[PDB]
């Protein structure tokens, strides 16, 4: 499953999607292609259900005839009119009951063959529909800036700290001069491009950030969550876009699995097929994992890195998820303030948003030696988009309920991308002697106040 079809079948709903597509500078005609694919699919289903019912009538009519000792009949040959009627979904049970046992047996096999063919057609139409749904963006929030390009289109909403100060050495030079980061051929000849070894004080800093970040979220009511780092193909497909398989995900062979690019992937997948009748309190998770990205200088952009993640599952009602999005970006802001790191928060323009996000805020920290704002955090409200894909339902779940389906809302937000935060700390806390440890991290690394240049 990719998206629920329900909004596409509704005239008003389809227009909401077309409008959102236009506002994202995406194709509104994808809605119409989905409606058409679904129309063809609904036709295979109408015929399948009609023919399944007629198969049961054949079985019951044969049973009645056998009990009555009616002769089996002259022939099994099916009238062309009967074949035309079941192919068009107009064959009535009263007409089927006019056939002899031999014809009823032949018809049951013919209808079973038709159901088998219609199932193959339906599977192809579901594949076409699903491929189109992957190109449908989530319905934009009304506050999303309307623009194609990030450089001019994104809106700066807040800033913190000294964002104009400059510094001498960039994070690459600092980590080299500490003697605590190795990205030389000794490492890349054994592990490939962009691989690294961290030593001594930088490992202590890495662990101090992992533990401080986890405690920061525990204090805010998040439940720590340590996931498996592998996901099977089917499950990864529900939490990843098709473009992620070719550009971002490593394949593991032990069956075929994929390494996770973020704990958001197994946390969202952990909710698949779930149904929360009510969520008076949201589900809040502090994901902790290594992240693996194929990405097809230093430790700013690497294939392997730790990240502490915020993940929320909440009620889709009363715009509650929008309140959670504000709390999640505020949490990431408070985290950076606690580390004394200057930054700006940016509202991502419509054209730059990934399909699952209805709105996204990035926190870009100031790197004084690099002289630039660099992304440390992304916080998104995915509303019911991922829930539709993992099939995470919401609402009353009682016996006797017939065919609007409600889904939970889901949000995800970086709390700390460990290696990038280390790069940021190094630039902001450098001195002539080394790197000053931010105050809040000192208890998490044996009270160490500074890591020295070698």
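Numbering follows the first chain given and starts at 1.
- Gap between residue 254 and residue 255: 1 to 3 deposited residues without coordinates.
- Gap between residue 296 and residue 297: 4 to 9 deposited residues without coordinates.
- Comparing the deposited coordinates for 131 to 139 and 347 to 355, the stretch with the larger average C-alpha B-factor is 131 to 139.
- Here the stretch with the larger average CA B-factor, out of 165 to 173 and 83 to 91, is 83 to 91.
- For the set 17, 445, 435, 440, the PDB entry assigns the largest Cα B-factor to 17.
- When the C-alpha B-factors of 324, 105, 272, 120 are read from the PDB record, the largest value belongs to 120.
- When the modelled residues of the chain are ordered by their C-alpha B factor, residue 204 lands in the lowest third.
- The PDB entry assigns residue 233 a C-alpha temperature factor belonging to the highest third of its chain's modelled residues.
- Residue 249: CA B factor in the middle third of modelled residues in this chain (values from the PDB entry).
- Among all modelled residues in this chain, the alpha-carbon of residue 280 has a temperature factor (C-alpha) in the highest third.
- In the PDB entry, residue 72 places in the middle third of its chain by CA B-factor.
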